[PDB]
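One chain comes next, on its own, written as structure tokens: the form deposited in one PDB entry.
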């Protein structure tokens, strides 16, 4: 039913399927070992995405689109890269790079003081990598639409990788009240113009990066804790802006505030942010 693509196909018997990964939150995803991706007698830990049992024609369409998006966008150090696929004679498998330390929010929380604590340079370095991944995605004209620490994955070598940048999402079907599996409301990462007017741009992604920065320097803090949807609307209509996190230089809080500029055109680009974080890293102890 699915067209062959020898650029990416891997025979099913090269994939030893392992434990479920996301508890279901991010689609049907399992750890797996791939024999001879590159090198034919080496195994590589990878993550594999497939369709659930009760999956519609629309569900299959979506997974294909995401795979094809990964094909077009090309490779970068700081994004989750496509590695291969099994599309013939069985269920669609999309093989992607595996991030053994989980998402950036959990990785930060697991390293709060009362597992080793992260230095100031480590935290600014985390932000630089995430902005590098976003700079690359933007240069390829990709808009994430849901950039947050929960969608940054951390590899065994502490490499930050943006995840889920290729998902198919009908923005006019978002459940504003729907909560993450952690209990937070994704609307708290959306730029006002995206939330109120359904207008998604590279500039709204930069707003979301500002919130992500706030997550880094609170070591996994929760934005607007206790604030339900309707009151978030009020706070944004009134121009509310989160407070400076403790142990956060005034410079890095100005970056946050600059990302949260009321006027989208006045926010910095990811290209700008990368240049600035690069400089700030070189100057952090």
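Positions refer to the first chain, counted from 1. Throughout, rigid core stands for the largest set of C-alpha atoms superposing within 1.5 Å between the two forms.
What comes next is about the form deposited in another entry, which is not displayed.
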{"item": "Of 30, 69, 227, 60, the one whose Cα moves 2 Å or more between this form and the one not shown after core superposition", "value": "227"}
{"item": "Shift in CA distance, residue 68 and residue 23, in the other entry relative to the form shown here, given it is 3 Å or more", "value": "closer"}
{"item": "Outcome for the Cα pair residue 26, residue 213 in the other entry, compared with this form (closer or farther; change of 3 Å or more)", "value": "farther"}
